[PDB]
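Q: Test case, fold it:
(5 chains)
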Amino acid sequence: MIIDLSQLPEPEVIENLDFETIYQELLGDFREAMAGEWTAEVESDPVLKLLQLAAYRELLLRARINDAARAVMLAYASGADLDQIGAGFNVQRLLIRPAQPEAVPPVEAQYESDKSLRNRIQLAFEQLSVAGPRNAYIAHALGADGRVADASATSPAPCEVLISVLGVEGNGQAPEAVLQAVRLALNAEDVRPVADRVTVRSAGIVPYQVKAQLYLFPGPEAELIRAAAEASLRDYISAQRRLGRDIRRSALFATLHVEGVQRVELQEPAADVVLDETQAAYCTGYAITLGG
Amino acid sequence: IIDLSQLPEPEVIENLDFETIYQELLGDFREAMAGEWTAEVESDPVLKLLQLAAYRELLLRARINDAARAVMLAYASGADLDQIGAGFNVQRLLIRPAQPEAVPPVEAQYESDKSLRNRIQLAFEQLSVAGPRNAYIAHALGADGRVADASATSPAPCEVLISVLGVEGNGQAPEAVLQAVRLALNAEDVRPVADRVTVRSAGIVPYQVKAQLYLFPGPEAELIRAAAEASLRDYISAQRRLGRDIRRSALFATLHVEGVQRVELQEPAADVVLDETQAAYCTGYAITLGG
Amino acid sequence: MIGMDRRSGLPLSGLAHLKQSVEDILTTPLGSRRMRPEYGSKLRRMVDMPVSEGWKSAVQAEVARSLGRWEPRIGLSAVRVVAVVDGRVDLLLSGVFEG
Amino acid sequence: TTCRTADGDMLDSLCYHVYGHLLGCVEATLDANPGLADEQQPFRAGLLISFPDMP
Amino acid sequence: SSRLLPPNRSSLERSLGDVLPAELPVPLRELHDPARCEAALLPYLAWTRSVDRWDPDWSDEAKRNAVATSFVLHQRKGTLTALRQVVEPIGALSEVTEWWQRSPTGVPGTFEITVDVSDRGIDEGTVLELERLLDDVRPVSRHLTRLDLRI
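A: Numbering: from 1, shown residues only, chains lettered A, B, ... in the order given. Shown next is the protein structure:
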């Protein structure tokens, strides 16, 4: 949630310049200062050589101040001036291709453009810093790779925080190899006195079979709506690989009652699964069938 | 009569994503540059042409699929079933069309979709005039103040028991509307066969539902509770459209919307049966939350 | 203006793009392009005609037409026969630069 | 105004020779021609195009 | 294509002429020919041809003729001449009853039919379908549910 720089109002210190409104002031400051003793405003007069220096070199100093005022603003700095904004916020300019060549033409050290630093300086705030809340224990728990999303809990207030890691490799159990791979990251990226009880989980594979005695009309669409309700069962259970994990009986009614079935009979889901954050769920398979 | 146009989409041509279309074009580009390809050839203005081409047949595989949707009656949209219904002798009729009682308030109205599609689905069941099981049905849908029909025969032959059901309000259809089917079945039946027209051939028992739903701690409970009847108030109107059964699970699955974690039911002890003869009516509902 | 080279795909901008802009005019026949029928030269019609002194002035008058349509940044000066070998005539396409 | 091709006659050239311009003149030819665009664009020697009026 | 390019072309233009069009099949006319529909989308066409009864066990030669001859079946439902062809995958056309073969003025019930079905391909089962496969061809009250069979 960052604001774009193209909708900002224009600042105070940046000014449009004019050579004339500096030089006509220098005429209107010198002509009254002579009290009529100088009255040759022809350009060949050697004061107008010099008043076109004091209005030209001043316009350079008026532009250096506008150049330096853009260099200290994030919406206008570029070049090595975003390096000074970048060095203060611990942001460095990237390297797409490396610096050193192996051939006779020198390969240029390809840096990213300054239009992408303004992306990175502005995203230096909304960034993973420390695992304070429930939304940051899990995002700091993305050191491993063979794993799907996760949630956190804390059973006491003062000491302990609980993270129930489940990783989808086989049945969804957490291996002991990635138990230490989580704990290598949480030692310096948490609050220091955390009792980060990073176990596997409280309960992982709790095998939730499903069976459905589908009753259809035996007409032409009976092959199409049977696989359509089966396809709605696939992406439902694939969305239930979760700690919200509300595996049920009547929530699977609307999965299978899609538009034109007669009725369904769910055998292995007979009651709703009691829900806590700590446990997990798994579906081993099914045996789908037609009523006849 | 079951709608097919609410299923997942059929793909007549496969709809690949942007990356494997792009890598298929590079495999076509290496074979065409064979013998003279160099790594310096695939420069920046060359690759951006191939990123256009991978984007254009992403819009052509989407065009062939969107054309093949609107040809089949499954997922055909408006002003295009008139091209299909002309092939099945189905023309939309006028439900109080643009008669200017006053000239600036124009009130024009045609037949909508998903019932015109049913009349195209009931096209081949109107060819046979010797009266199969659906020609007595599909010719009885000519009226407006009714709903569809079911056919049966318990007694002696050439005695047809058709159940003229009607959706206009509280249950019972008028007897003056009942006489229109014998005017709608004169040169459509068989001449020796003779029907009796029963409006409620088994009887009507009063039904309700009382659900104590739970919603998530989160979004507002005003439009989500009312969204449960958006899949229910059109479901009860579609039960006697086929004349078939309601279940306990019909009182569960028609109340699951986006944002439901558990539901509850008390009004049936066990599910009721509604055969091809038997039908029923639901009087008044009360669905609140338990929290 | 920055375009890409015909062969090897490299983006070349200043004056190598200027020369390949001319040689897309001179070697495309008319109507060979898609949806652009008034593009190209009649020089392919002048291919394998006898080199008279009216053939020279008909090539000068046709290069000037075809470059006048789709090459405004070139002012044509002259087209001259500089050598003749068997069949292969060769023409010094000289022109000042504008734009 | 039905015309017959050769084995190298092409569509945007033909309806430029017939009409005189190509703005709105190719797809109007492809509209009133069944199965013309399905055939390969370097045409064969014996296919017939009925060029409509007012492209 | 590479042929649509002018005669002056590089090997790069000739290669990009063979890639950047990237032609595609248009399988749109094949949606209404039942003999040319793909097997994954054939029951979409069986829905719009209103094929009343369907089995996911037949061969595709027995699935596509039920869609191709779905007109001729649904044109003549009360006839016998489409009752002969509604039993197509169960290969059976043997014998049918009529009034005057029974001498005492027909059965009580005014001659409900007891047709003869002769199947040889499938012997196990194959009985429980024919009283309801023949239900759409049967009128609602012109016949009774009396039926005859043969294996």
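
Q: hey, let's count contacts and neighbours off CA atoms from now on
A: OK.

Q: Show me the residue at the heart of chain D, geometrically.
A: Residue closest to the average C-alpha location in chain D (CA atoms, centre = their mean): residue D:11, at 4.3 Å.

Q: how near is that one to residue D:39?
A: Distance, residue D:11 to residue D:39, using CA to CA, to the nearest Å: 11 Å.

Q: Residue A:150 too?
A: Here the criterion is CA to CA. By it, residue A:150 lies 56 Å from residue D:39.

Q: Leaving out sequence neighbours, find the closest residue to residue A:176.
A: Counting by CA to CA, 6 or more residues apart in numbering or on different chains, residue A:176 lies nearest to residue A:200, which is 7.7 Å off, once chain neighbours are set aside.

Q: what's the burial count for the one you found?
A: Counted with other CA atoms under 10 Å in any protein chain shown, the neighbours of residue A:200 add up to 18.

Q: so who does it touch?
A: Applying CA atoms under 8 Å, 6 or more residues apart in numbering or on different chains, we find residue A:200 in contact with A:164-166, A:173-176, A:179.

Q: who's more crowded, residue A:150 and residue D:39?
A: Neighbour count, other CA under 10 Å: between residue A:150 and residue D:39, residue A:150 has more, with 22 against 10.

Q: My guess is that one contacts residue A:242. True?
A: Yes - using CA atoms under 8 Å as the test, residue A:150 is close enough to residue A:242 to be in contact (7.1 Å).

Q: and residue E:19, how many neighbours?
A: That count, for residue E:19 with other CA under 10 Å as the rule, works out to 23.

Q: Tell me if it really is in a strand.
A: No - under DSSP: H, G, I helix; E, B strand; the rest coil, residue E:19 sits outside any strand and is assigned coil.

Q: Figure out the helix or strand that the spatially most central residue of chain E lives in.
A: The residue lying closest to the centre of chain E (CA atoms, centre = their mean) is residue E:66, at 0.8 Å. Assigned by DSSP states H and E, residue E:66 falls within helix E:60-68.

Q: name the helices or strands packed onto that helix?
A: Applying 3 or more CA pairs under 8 Å, 6 or more residues apart in numbering or on different chains; DSSP states H and E, we find helix E:60-68 packed against helix E:42-48.

Q: ok now the helix it packs on, how far from the chain's centre?
A: Averaging C-alpha positions (CA atoms, centre = their mean, to the nearest Å) puts helix E:42-48 10 Å from its chain's average.

Q: close to chain A, is that helix?
A: Yes - for helix E:42-48 and chain A, the contact criterion (CA under 8 Å from any CA of the partner chain) is met by E:43-44, E:46-47.

Q: now the residues you listed in a markdown table, with distance to residue C:91 and neighbour count?
A: Output for those, formatted as a markdown table (distance: CA to CA, whole Å; neighbours: other CA atoms under 10 Å in any protein chain shown):
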| residue | distance to residue C:91 | neighbour count |
| --- | --- | --- |
| E:43 | 70 | 25 |
| E:44 | 68 | 22 |
| E:46 | 71 | 23 |
| E:47 | 72 | 21 |
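
Q: quick one on the thing from earlier: kindly provide the distance from the residue nearest to the centre of chain E to chain D.
A: 30 Å (CA to the nearest CA, to the nearest Å).

Q: Please name the spatially closest residue to that residue (chain neighbours excluded).
A: residue E:51 (7.2 Å).

Q: before we move on, what about residue E:140?
A: In space, residue E:140 is closest to residue B:133, 5.5 Å off (CA to CA, 6+ apart).

Q: What pairs with the longest strand seen in chain C, parallel or antiparallel?
A: Taking DSSP state E as the criterion, chain C has its longest strand at strand C:74-84. Strand C:74-84 has the following strand partners under DSSP bridges: strand C:89-97 (antiparallel).

Q: residues of the strand it pairs with that come out buried?
A: Neighbour counts over strand C:89-97 (16 or more other CA atoms under 10 Å in any protein chain shown) mark no residue as buried.

Q: same thing with stretch C:7-15?
A: For stretch C:7-15, by 16+ other CA under 10 Å, it's C:8-11.

Q: who touches residue C:94 in this structure?
A: Counted by CA under 8 Å, 6+ apart, residue C:94 has contacts C:76-79.

Q: Bridging across strands, which residues link to it?
A: In this entry, residue C:94 is beta-bridged to residue C:78, by DSSP bridges.

Q: Could you pull up the contacting residues of whichever residue of chain C sits closest to chain A?
A: Proximity of chain C to chain A (CA to the nearest CA) peaks at residue C:10, 17.5 Å away. Counting by CA under 8 Å, 6+ apart, residue C:10 touches B:40-41, B:43-45, C:4.

Q: count of neighbours near the residue in chain A positioned nearest to chain D?
A: Here the residue of chain A nearest chain D is residue A:224; by CA to the nearest CA that distance is 31.7 Å. Look at residue A:224: counted by other CA under 10 Å, it has 19 neighbours.

Q: Would you confirm that residue E:32 contacts residue E:45?
A: Yes - counting by CA under 8 Å, residue E:45 is a contact partner of residue E:32 at 6.9 Å.

Q: Please identify which of these two sits among more neighbours.
A: Using other CA under 10 Å as the criterion, residue E:32 and residue E:45 rank with residue E:45 on top: 23 against 18.

Q: Stretch E:80-96 near chain B at all?
A: No - under the criterion of CA under 8 Å from any CA, chain B is not reached by stretch E:80-96; the shortest gap measures 11.1 Å.

Q: before we move on, the earlier item: residues touching the helix holding residue E:66, excluding its own?
A: By CA under 8 Å, 6+ apart, the surrounding residues in contact with helix E:60-68 are E:33-35, E:39, E:42, E:45-46, E:49, E:51, E:88-89.

Q: quick one: contacts for the closest residue to residue D:28 other than its chain neighbours?
A: Leaving aside its chain neighbours, residue D:28 sits nearest to residue D:55 (5.6 Å; criterion: CA to CA, 6+ apart). Taking CA under 8 Å, 6+ apart, we find residue D:55 in contact with D:24-25, D:28-29.

Q: Compare these and tell me which has the most neighbours.
A: residue D:25 (22 neighbours).

Q: ok, the residue of chain D found nearest chain E - how many residues close by?
A: Closest residue of chain D to chain E, CA to the nearest CA: residue D:42 (7.3 Å). Neighbourhood size, residue D:42 [other CA under 10 Å]: 15.

Q: cool, the one 4 residues further on as well?
A: The local packing of residue D:46 (other CA under 10 Å) involves 11 other residues.

Q: go on, residue A:236?
A: Based on other CA under 10 Å, the number of other residues close to residue A:236 is 15.

Q: List the buried residues of whatever helix or strand it lives in.
A: Element membership of residue A:236, judged by DSSP H and E, is helix A:224-239. Neighbour-count burial for helix A:224-239 flags A:224-226, A:228-230, A:232-233, A:237 (criterion: 16+ other CA under 10 Å).

Q: sorry, back to before: list the contacts for the residue nearest to the centre of chain D?
A: Residues near residue D:11 by CA under 8 Å, 6+ apart: D:26, D:41.

Q: now it: how far from residue C:31?
A: Distance of residue D:11 to residue C:31, given as CA to CA: 11 Å.

Q: how about the lengthiest helix in chain C as PDB, C-alpha atoms only?
A: Counting by DSSP state H, the longest helix found in chain C is helix C:53-70. What follows is helix C:53-70, C-alpha atoms only, in PDB (Å, rounded to 0.1, in the frame of the first residue of the first chain):
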ATOM      1  CA  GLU C  53      19.700   6.500 -72.700                       C
ATOM      2  CA  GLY C  54      16.000   6.500 -72.100                       C
ATOM      3  CA  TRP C  55      16.200   3.500 -69.800                       C
ATOM      4  CA  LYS C  56      18.500   5.700 -67.600                       C
ATOM      5  CA  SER C  57      16.100   8.600 -67.500                       C
ATOM      6  CA  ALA C  58      13.200   6.200 -66.700                       C
ATOM      7  CA  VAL C  59      15.100   4.800 -63.800                       C
ATOM      8  CA  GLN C  60      15.900   8.300 -62.400                       C
ATOM      9  CA  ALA C  61      12.200   9.200 -62.900                       C
ATOM     10  CA  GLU C  62      11.000   6.100 -61.100                       C
ATOM     11  CA  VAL C  63      13.500   6.000 -58.200                       C
ATOM     12  CA  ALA C  64      12.500   9.600 -57.500                       C
ATOM     13  CA  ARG C  65       8.800   8.600 -57.400                       C
ATOM     14  CA  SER C  66       9.200   5.600 -55.200                       C
ATOM     15  CA  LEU C  67      11.600   7.400 -52.800                       C
ATOM     16  CA  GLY C  68       9.300  10.400 -52.900                       C
ATOM     17  CA  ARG C  69       6.500   8.400 -51.500                       C
ATOM     18  CA  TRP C  70       8.000   6.500 -48.500                       C
END
